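Topology and contacts: notes
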Amino acid sequence: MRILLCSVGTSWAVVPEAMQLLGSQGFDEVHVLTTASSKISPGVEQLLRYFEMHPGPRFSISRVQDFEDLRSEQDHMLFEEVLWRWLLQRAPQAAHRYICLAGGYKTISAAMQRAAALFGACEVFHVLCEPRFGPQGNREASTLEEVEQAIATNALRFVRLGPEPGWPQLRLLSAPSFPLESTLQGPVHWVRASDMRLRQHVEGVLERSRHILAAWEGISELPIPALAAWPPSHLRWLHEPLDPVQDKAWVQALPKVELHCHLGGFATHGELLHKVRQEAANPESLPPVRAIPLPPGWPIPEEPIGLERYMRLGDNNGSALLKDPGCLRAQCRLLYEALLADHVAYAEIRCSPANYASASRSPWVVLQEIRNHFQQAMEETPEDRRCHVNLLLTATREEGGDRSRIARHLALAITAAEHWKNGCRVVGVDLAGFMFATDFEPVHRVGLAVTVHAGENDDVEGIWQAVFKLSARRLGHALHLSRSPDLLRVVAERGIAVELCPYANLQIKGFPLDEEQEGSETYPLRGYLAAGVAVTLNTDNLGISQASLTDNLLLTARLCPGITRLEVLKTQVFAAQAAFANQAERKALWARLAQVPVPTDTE
Amino acid sequence: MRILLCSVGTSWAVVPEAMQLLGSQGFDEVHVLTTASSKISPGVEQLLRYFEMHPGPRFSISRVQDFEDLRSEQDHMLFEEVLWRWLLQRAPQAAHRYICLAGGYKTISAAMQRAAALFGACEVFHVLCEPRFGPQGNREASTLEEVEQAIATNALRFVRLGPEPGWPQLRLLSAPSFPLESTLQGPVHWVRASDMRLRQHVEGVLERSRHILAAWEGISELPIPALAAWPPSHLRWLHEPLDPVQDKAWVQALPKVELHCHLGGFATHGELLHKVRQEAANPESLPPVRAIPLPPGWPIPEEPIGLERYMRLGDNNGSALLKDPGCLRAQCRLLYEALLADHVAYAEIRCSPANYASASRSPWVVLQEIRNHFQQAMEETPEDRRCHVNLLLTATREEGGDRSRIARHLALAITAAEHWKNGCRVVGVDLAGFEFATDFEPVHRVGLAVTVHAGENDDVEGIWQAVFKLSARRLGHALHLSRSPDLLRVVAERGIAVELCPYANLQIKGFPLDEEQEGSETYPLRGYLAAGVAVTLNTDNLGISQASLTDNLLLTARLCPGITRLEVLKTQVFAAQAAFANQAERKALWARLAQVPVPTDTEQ
Ligand SMILES: Nc1ncnc2c1ncn2[C@@H]1O[C@H](COP(=O)(O)OP(=O)(O)OP(=O)(O)O)[C@@H](O)[C@H]1O
Ligand SMILES: Nc1ncnc2c1ncn2[C@@H]1O[C@H](COP(=O)(O)OP(=O)(O)OP(=O)(O)O)[C@@H](O)[C@H]1O
Ligand SMILES: [Zn+2]
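Residues numbered from 1 in each chain as written, not as in the entry; some residues may be left out. Chains lettered and ligands numbered in written order. Part of a larger assembly, values for the part shown. Heavy atoms only, no water.

Method information in the entry identifies cryo-EM as the source of the structure, with 2.86 Å recorded as the resolution.

In structure tokens form, the structure reads like this:
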């Protein structure tokens, strides 16, 4: 197939002359674009007579109804829109497209050239006639007899500009997406453009292509590969230090990943605690609301309060309340609502079903109820904003105490790992208080991921036994990793993720704030990132800490001077990579992460 | 700063009319480019006279010496080549670039528009003059007085096309890189260009940009990000099954990574063995050459010969030959030469220095000699072709033999890990036994990576012990992972690399070859790849197996039906990520891997 597109102005001989570009072979069909000027109607009638006298290929003449003459840039813009739509309609395939640029204004020929360059064309050529005609024998063909004699005498020279490859993302557009209206006035069509959707789309695609090519060199330094389409100014903004007050909206709109979120520390105080209590199935058995005065300056304490006091601050919830089915359901639904409000795309909630068991409610029943509450919450949310939740069972070694709870939690995890295979799942266990792995072989045998929850001890020996004796894949609260260079190198090389909770660490350990340089007591985020460690920022306890994931992300701007927004994105990508999700969950999380919000202050 | 660029044809009045685009402000710099036709000269004197008055802006007129008419498209190409250089020299900055396409040929205005699009400019506009001038008041202004009247009567209409950013790869181009030969003839510069390098550069840049845009969609499925610049036909070629016979040249040129290579099994026979023996320091203690007949059909045996016979095949080299300093030096140099010939960019060599020690040569001396030979060989190679070599110490359990060597090798590795920090290094220890949990705590405490060299058995329990008790980061010859589903899932999730040797596994174990479809006994390479396991292809014993890394990669096509060359690239990337390298070595390896050879038979 071969389709020829030609533009005509005051001279009608351009079409018959360009029809002889291929010689005796001819064109399978020639299409002519025309303006609305009345000065060209005799040209149109002569072209129609020529076409009738030369039957064969399909003929169609298109006139721009709204373009009578070139008076301003608006007329040229409308002509460009109409020409693009007409080329799409009459030339669906760029390999079958032949374009002639003899006729039209000096801008119209450039319009055809640009259209061929963008949307592609098999060949773009210019038809010329040797001046030997007229009464003086110096003009070119102008009448039917003159055009016929010019074609016969071979007074025509064609300038073949060569095929135009076009662009990959503009070579796939189709006419039905952007239709064109044509009013037939005799054998010539009168076309018009209803709107400029096609041109706006083309301009946006070209701008996106320019953005992609500009940042193409150096794309491996970007966390999200889809982030390379950002404008260079926005990337420069991304490479700047985070502002805790200016970037609140951007951090809030970010799709985040949660990995350290204790379920029993969500509704410890405030209105959420009363909302949970009012949902109790047996309201008479609710324990009295004791007085738990928060330290002054919460959530930013003046001085560190210690792990024991931090634990004691959450005595109004947990095993006291969640032994009631109604309180447990309310806690689960409120936690899911809080996760949705913070734009979290993947969360791993760690719970202790054994603590919540009753005489008639075994730990298995409690775990099943928690899983079903989370699954029902997930299934009631649209997939475009659904936060996938997985469960970690918390086995804790307490001072003295009984070892039955640890065994029960391990067995419950080892059972739930195979019971559920879709939706909310038990993805692993975390070992809090354990350096002693003799009963942890079965969890490794069944493929359960293990994360070790580091405690008050600032012992490098604990982070060693977690890595090489507990076979931990994530370390929680590993703030003293830099004290042993060998351990830091091992953690970086083996890809063990270090999950950090800014507010919890500040309230328990305490770190300098709003510094200008990196000190000896400074928060170890930037040091870990510079060493190649996979660092993740989490919330720990939403209720006790009284800070969401966005607040934790923003607080790094104060804890670590010079923290950049790209490093926040790096932490999010590290959390996504370190999650215990499967293939489908990981691909869904990656799809969610690609939708990075656009900045609001340019650069 | 505002520079105006205009073309001039038969009508010189276009430049003065375009001079009033901004109004009274004018242009701080205006340049005129035209052809060498004699008809352009009177327009030249008219423009010079017009520049005599209104002397505000800077003036210059350029004429293409070799371009006069539109009678040759090659003239058009030369005109474009001179045009781009003239625009770069006269309009170095696109932001300060104001281009007018009123004058000149239609192709001249097209060149104006194309140059503005490619290189960028602040504004492209067309100037229109009312015909209410000249005799009869029916022609556009063409004289000094007529032009001034048109300017002073608001008779000029301007069509500002709008700002054009230009492509990123063409905006940073500089005039000095593409000089223009200008000769002064009065107030006009006669410009000429010696080479068409600018046009070729532009064409290559646009072609590469088109390829990158086409491949942008599938950017996460490409193991090497540099493959996005490949043409779409080549990318489609990359996704077809590997052909062992027609893809040998492409595989031979690939920058490969070696993770499983034994030093003592490189020159077990052939002319390499004779060269190593000739290089002996004392040619009287050399053991007599033992007659070891290779199994028929080598390197592709008719039937698998087992591990014991495969080990015995290399009895002419190793412990009973490498105790000679000259033999050891020749061994190391020949191994490095073989590595270079295969285009290997990173290699990890496994050696047993204790087995090569004598009364006057302690294991440390042997290890230091091996390291220094490899480092010296590396330093004599250019950095662009240099193959970085690291060392792995093999601690092999014996069948109730010696136990002192298993400790001496570990101590030697722990010492060498701290001794050397640049060039060749000892990066880990190889465990060829227990596949001992109390013997490797010191290894882990110093940051040494351990690779478990499984073999001569099919037991998932050994793999479990290696992964969880030995803390192995790589597994060798783990061909039975699929038999245990939990083990396969754990290996996939923990990012443990599996070192597969095609020729060695085929010779020892035996697998079906050239089978049309996969089966129960098929090679587990593609099954491992589909499960998310990081698989690597190595050589094991270069000498005993009698096959190079390229041979192994090609034979993987026969072992695994319908394997694509993109899978080969994926295996190379997996080997690069699984190497026990540091930041500098890893970045150098990544830089080397980015130079994927271009395919040659992408025509079907
Ligand atoms: N930041 C922390 N540091 C140390 N231990 C913690 C921390 N947060 C929670 N824990 C411990 O985790 C254990 C189990 O966590 P979970 O979130 O399931 O709490 P819980 O069962 O509701 O707690 P409780 O009933 O003791 O208040 C609890 O015993 C708590 O002591
Ligand atoms: N393909 C293999 N499969 C299993 N074990 C192997 C393999 N190749 C080598 N080994 C083990 O590695 C040890 C060292 O092999 P290497 O190639 O370095 O030669 P070597 O030091 O001369 O060996 P040897 O002690 O047999 O003389 C061998 O003794 C054997 O224990
Ligand atoms: Zn081996």
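**Some thoughts on the UniProt feature "binding site: Mg(2+) 2" (unreviewed entry) in chain B**
Residues and elements named next belong to chain B. In the numbering adopted here, UniProt assigns the feature "binding site: Mg(2+) 2" (unreviewed entry) to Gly 264. Here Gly 264 is to be found in the loop between β9 (256-262) and α10 (270-278). Leaving out residues up to four positions away in the same chain, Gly 264 has contacts with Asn 317, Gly 318, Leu 322 and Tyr 356. (UniProt positions renumbered as here; feature names shortened; annotations may be inferred. Helix = DSSP H or I, 4+ residues; strand = E, 2+ residues; numbered from the N terminus. Contact = heavy atoms within 4.5 Å.)

**Description of the sheet that holds strand β13 (residues 449-453) of chain B**
Residue and element names in this part refer to chain B. Spatial strand order, β9-β10-β11-β12-β13-β14-β15-β16: eight strands in an open sheet with parallel pairing. Since the sheet does not close on itself, it has two edges, and those belong to β9 and β16 (534-537), each with one partner. Between one strand axis and the next, the sheet turns through 25° on average, direction left out of account. Direction of pairing for strand β12 (residues 426-431) relative to β13: parallel, over a ladder of four bridges. Among the inter-strand pairings, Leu 431 is bridged to a residue of β13, identified as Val 452. (Pairing = 2+ DSSP bridges. Axes fitted to C-alpha atoms, helices over the stretch in contact; angles between N-to-C directions.)

**Things to note about the UniProt feature "binding site: ATP 2" (unreviewed entry) in chain B**
Residue and element names in this part refer to chain B. As recorded in UniProt, the sites labelled "binding site: ATP 2" (unreviewed entry) are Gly 264, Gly 265, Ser 319, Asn 355, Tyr 356 and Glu 435. The named residues occupy 172 residues along the chain; their greatest pairwise C-alpha distance, 24.5 Å, places them well apart from one another. With respect to the helices, strands and loops of the structure, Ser 319 is situated in the loop between α11 (306-312) and α12 (325-341). Leaving out residues up to four positions away in the same chain, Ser 319 has contacts with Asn 355 and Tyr 356. Tracing the backbone shows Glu 435 in the loop between β12 and α15 (441-445).

**With respect to the site of ligand 2**
Residue and element names in this part refer to chain B. Neighbouring ligand 2 are 14 residues, the closest being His 262, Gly 318, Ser 319, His 453 and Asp 540. In the environment of ligand 2, an oxygen atom lies 3.1 Å from a nitrogen or oxygen atom belonging to the backbone of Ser 319. Here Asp 540 contributes a side-chain N or O atom positioned 2.9 Å from a nitrogen atom of ligand 2. For ligand 2, whose unbound accessible area comes to 580 Å², protein coverage reaches 78%. Ranked by residue count, the leading element in the shell around ligand 2 is α11, at three residues. By residue class, the composition of the shell around ligand 2 is four nonpolar, nine polar and one charged. (Near = heavy atom within 4 Å. Polar contact = N/O pair within 3.5 Å; in protein donor to acceptor, adjacent residues only side chain to side chain. Areas by Shrake-Rupley, 256 points an atom, 1.4 Å probe, with all protein chains shown as cover. Nonpolar A, V, L, I, M, F, W, Y, C, P; charged D, E, K, R; others polar.)

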